[PDB]
Structure formats: C-alpha cells, structure tokens
Amino acid sequence: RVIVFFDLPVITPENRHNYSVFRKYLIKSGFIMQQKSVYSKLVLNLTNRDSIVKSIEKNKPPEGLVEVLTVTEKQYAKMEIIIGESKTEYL
Amino acid sequence: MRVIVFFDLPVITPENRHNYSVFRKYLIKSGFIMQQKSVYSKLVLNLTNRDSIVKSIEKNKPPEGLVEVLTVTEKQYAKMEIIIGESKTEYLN
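Order-wise, the sequence lines are chains S and P. For any residue, its number in UniProt numbering is found by taking its place in the first sequence, counting from 1, and adding 1. With UniProt numbering, letter number 72 in the second sequence gets 72, and the count goes up by one each step, no holes.
As structure tokens, this is what we get:
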C-alpha cells in the first residue's frame, strides 16, 4: 500500500487551482482519498510502486511538498482512527 | 518504529483555527516532529510506548476532525520519497 501525502500552498487562487490539478491527477492515477491531502493505492509489487512514484515526480505541482510512504496492507489496516464528533446517530 | 499522525481538522471558523493550534501544540509538547502542516511523526524505541502514545492522542483529540495514527518501521520512514514542487519550466542557478 502506497500513501501519498502532500503540503501545498493554498493562499492564492492560482495556488488553489494548482492544488486541484494535482488532486485530479492522483484521482486519475487510481488513488483514493484517505483524508484531506492524503491518498492511497494498493500496488502489487515494487516495480508498480516505482512507476507510480516516477509519474508523481513528472506531474508534481509548481510548489509544495509531496511525500510517498509504502507500507504493508496489515500495517495500514491497523491504523488507529480518531474522530472528533465520534457518535453514530441517524435522523 | 515511527508513529505518524495524519490529521484533517476544519479551519473554517475562528474556533476551528484555535483548536487546530491547540492540537499542533499538544503534538509539539509531546515530542512529535512536524513533517508537513498536517503530518507529524515520533520516534518510538519501545513498542510498549506505542499504545501509551495512542491513548494520549485519543484523550487529547480535538473536538472536530479526523486523526489517523499509523505505525511504521524506521526503514519505511527513512526510505520515504520526498518530492519537491517545481515548475516544469524553471530556470537553473
């Protein structure tokens, strides 16, 4: 499991445009949102992983930081989830 | 090992922004290193301490937002790929 998390400027309209362009690129590459600015994708082997990361490099935004972490599916399923308004209640 | 905290907190209102700084401060106080605006990490030398860290984050959680806590090896953390934004048509020094 490949995790892409990024820290991009959001001050200007052009910053925000550039943010949306990079997000759409990730979506277009099969990445799913885990939370804001954090996306993940299962990969079958490390060749596929390296190729994903190379494509991120070629499509990176003009400013900001993008980091790529690779973990096992077990490590990912053991992630602790903490939600502020935690209760589940229907109307 | 390393504990990575990914947080997605609202910043729409003044209360949201205050609570954002409170949580970030709690992470600093706790010895987490900022990695990105919304991603902090801490070296863990003893797996016993991991469960203690998670319980503390749970007790100190902000009133709204998503906090996800991932445990990875030192090697996975050291080999993270760091990609720096750059224009496709940047001038070179």
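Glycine included, every Cβ here is placed at the ideal spot set by N, Cα and C.
Query: Whether residue 172 (chain P) touches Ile57 (chain P) by CB criterion (9 Å); Result: Beyond the ends of chain P as shown, which are 1 and 93, falls residue 172 (chain P); an answer cannot be given.
Query: Local Cβ density within 10 Å of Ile33 (chain S), reported as buried at 16 or more and exposed below that; Result: exposed
Query: Element boundaries [beta strand (DSSP E), containing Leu47 (chain P)]; Result: Note, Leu47 (chain P): premise wrong, no beta strand (DSSP E); alpha helix (DSSP H) at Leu47 to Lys59.
Query: Beta-carbon proximity of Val44 (chain P) to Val5 (chain P), cut-off 9 Å; Result: no
Query: Secondary structure of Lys42 (chain P), DSSP reduced to three states; Result: strand
Query: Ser38 (chain P) at chain S interface by Cβ criterion, 9 Å; Result: yes
Query: Residue interval of the alpha helix (DSSP H) (run including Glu74 (chain S)); Result: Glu74 to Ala78
Query: Three-state class that DSSP yields for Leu27 (chain P) in the structure shown; Result: helix
Query: Bridge-paired residues (DSSP) for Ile84 (chain S); Result: P:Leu66
Query: Of the listed residues P:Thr48, P:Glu15, P:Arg2 and P:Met1, nearest to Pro63 (chain P) (C-alpha basis); Result: P:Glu15
Query: Partner residues on chain S for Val69 (chain P), Cβ-Cβ distance less than 9 Å; Result: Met80, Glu81, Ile82 and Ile83
Query: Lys42 (chain S) at chain P interface by Cβ criterion, 9 Å; Result: no
Query: Burial state of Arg2 (chain P) (16 or more Cβ within 10 Å); Result: buried
Query: One or two residues paired with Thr71 (chain S) in a DSSP bridge; Result: S:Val3
Query: Distance between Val39 (chain P) and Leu9 (chain S) (C-alpha atoms, nearest Å); Result: 13 Å
Query: For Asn60 (chain S) and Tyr26 (chain S), the rounded distance between their alpha carbons; Result: 8 Å
Query: Proximity test, Cβ basis, 9 Å: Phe32 (chain S) and chain P; Result: no
Query: Under 8 Å by beta carbon: chain P residues contacting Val72 (chain S); Result: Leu70, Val72 and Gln76
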